[PDB]
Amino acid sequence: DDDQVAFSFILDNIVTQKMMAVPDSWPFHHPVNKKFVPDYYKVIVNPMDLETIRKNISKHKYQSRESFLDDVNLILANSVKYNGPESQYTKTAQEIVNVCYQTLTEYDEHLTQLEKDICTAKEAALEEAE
């Protein structure tokens, strides 16, 4: 569906062109491998990385900036919890989240309009299903 596809399209370009382009951000492009960091999942409850966000976008998980940002926010919060607040990992994670937020403000009004249209479409489907 048209508006949801357009909305996912934009989120995906934010991930690929901006978030993944943060210098030295490579370790956040991949899930942490529990064989090599055996305590990571003792500490981190809800893992996330940039390749998983891309997979979620391709399946239209996100109908709104808010559910996209809940997964982006985990990138920072997990790094703080596992790698520590003054770790170079965490400095890189903050940059990843900062570019995402700054990019999304450039597209504010258009993403507001696409969210409204996704919701109007959805509503039309439900009342229409009766």
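Just so we're on the same page, rigid core means the largest C-alpha set that superposes within 1.5 Å between forms. Don't overthink the numbering: it's just position in the shown sequence, from 1.
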### Query
Superpose by the rigid core: which stretch, 26 to 34 or 94 to 102, shows more Cα shift in 8 other deposited structures of this protein?
26 to 34
### Query
Core-superposed in 8 other deposited structures of this protein, which stretch deviates more in Cα positions, 57 to 65 or 36 to 44?
36 to 44
### Message
Mean CA temperature factor from the deposited coordinates, higher in 101 to 109 or in 40 to 48?
### Response
101 to 109
#### Entry: Segment of higher mean CA temperature factor, 5 to 13 or 117 to 125
117 to 125
### Summary
Temperature factor at the Cα of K59, chain-ranked in thirds, falls in the highest
